[PDB]
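Engineer: There's a structure below that I have some questions on.
Note: ideal-geometry Cβ built from the backbone for every residue, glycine included; neighbour counts use all protein chains shown. Rule-based calculations on the coordinates, nothing more; no lab input.
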Amino acid sequence: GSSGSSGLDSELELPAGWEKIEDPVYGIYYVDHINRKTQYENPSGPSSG
């Protein structure tokens, strides 16, 4: 897959498609309607692809 580190800056908002959701049962989870992925981490930052 990939090696290295990620999620360095956690003070930035999420890119297009991504949308954080707050639930008392699920908690805080980011749902990407574009990539169709769900992760609590914040891919925000200088990262192209």
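Engineer: Just checking, how many residues over region 8-38 are in contact with a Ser or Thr (Cβ under 8 Å, 6 or more places away or on another chain), part of a loop (DSSP other than H, G, I, E, B) and not hydrophobic (A, V, I, L, M, F, W, C)?
Structural biologist: Qualifying residue count for the region: 4.
Engineer: Give region 18-49 a look and list any residue that's among the β-branched types (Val, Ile, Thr) and in contact with a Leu (Cβ under 9 Å, 6 or more places away or on another chain), or say none.
Structural biologist: none
Engineer: Using beta carbons and a limit of 9 Å, which pairs, at least six apart or on different chains, have the first residue in region 13-36 and within 20 Å of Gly49 (Cβ to Cβ) and touching a residue at least 24 places away in the same chain (Cβ under 8 Å) and the second one exposed (fewer than 12 other Cβ atoms within 10 Å of the Cβ) and among the aliphatic types (A, V, I, L, M)?
Structural biologist: Sorted first by the residue in region 13-36, then by its partner, the pairs are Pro15/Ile34; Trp18/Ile34.
Engineer: Given (1) assigned to a loop (DSSP other than H, G, I, E, B); (2) in contact with a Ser or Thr (Cβ under 8 Å, 6 or more places away or on another chain); (3) surrounded by 12 or more Cβ atoms within 10 Å (Cβ to Cβ), where does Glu41 come up short, assuming only one miss?
Structural biologist: Of (1) assigned to a loop (DSSP other than H, G, I, E, B); (2) in contact with a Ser or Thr (Cβ under 8 Å, 6 or more places away or on another chain); (3) surrounded by 12 or more Cβ atoms within 10 Å (Cβ to Cβ), only one is false for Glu41: (3).
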